[PDB]
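Only one chain is given next, in structure tokens, and it is the form deposited in one PDB entry.
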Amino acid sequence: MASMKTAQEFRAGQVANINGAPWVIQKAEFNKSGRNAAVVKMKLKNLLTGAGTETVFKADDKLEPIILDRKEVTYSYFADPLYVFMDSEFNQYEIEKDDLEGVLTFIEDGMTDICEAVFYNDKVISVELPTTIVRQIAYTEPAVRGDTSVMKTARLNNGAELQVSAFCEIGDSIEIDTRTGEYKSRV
């Protein structure tokens, strides 16, 4: 699917075919001692088995980059045990709990957030929410009386609990950074 390129052209998050398996690059570091041939040290993770390894390539070593399938999907419903997502042409995908890290804490019935699903030949590699999402507060206590100059706990509709601003009220909408799972603003 993609033409070969040299080891020095790969960066983190790209994927290389090594022995016929897809390995994602977790880290790459280029080195050249004066006028000796340059090399590249890579930390790699095999997308099919989970195995990690670190190795050094010649900078001009040829490797086939792998092109993962990326699709926008929305969450549809929970069959049990699998989670059903759907793309814009109405194709369904059944996804295991184990492949929904990050996403799972904010999954809710009727979720409208467009997720990005990443595939290698009909194996799911990752599902990720938008970097910012909006959620309604299901339950929170009124602000405490007394300060000295912060956060209080809130429940979302799906049962998740989060620290939010002390001025937050039941029914308010909050922006959430999905990278960290943390509150950022009321909206």
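Numbers for residues come from their place in the sequence shown, where the first is 1.
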* Counting only residues from the deposited sequence, how many are left out of the model between residue 149 and residue 150 (none, 1 to 3, 4 to 9, 10 or more)? -> 1 to 3
* Pick between 158-166 and 62-70: the one whose mean CA B-factor in the entry is higher. => 158-166
* Structure fact -> Avg C-alpha B-factor, entry values, 30-38 vs 139-147, higher side is 139-147
* Specify which of 86, 100, 111, 117 carries the largest Cα B factor in the deposited PDB entry. => 100
* **residue 121 by Cα B-factor - lowest, middle or highest third of the modelled chain** => highest
* To do: Report the third (lowest, middle or highest) to which the CA temperature factor of residue 9 belongs, ranking only the modelled residues of the same chain.
  => lowest
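A second form of this protein, the form deposited in another entry, is not displayed here; the remarks below concern that form.
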* Which is it in the other form for the CA atoms of residue 180 and residue 10, closer or farther than here, knowing they shift by 3 Å or more? -> closer
* To do: Looking in the other form, decide if the C-alpha atoms of residue 45 and residue 99 are closer or farther than in the form shown; they differ by 3 Å or more.
  => closer
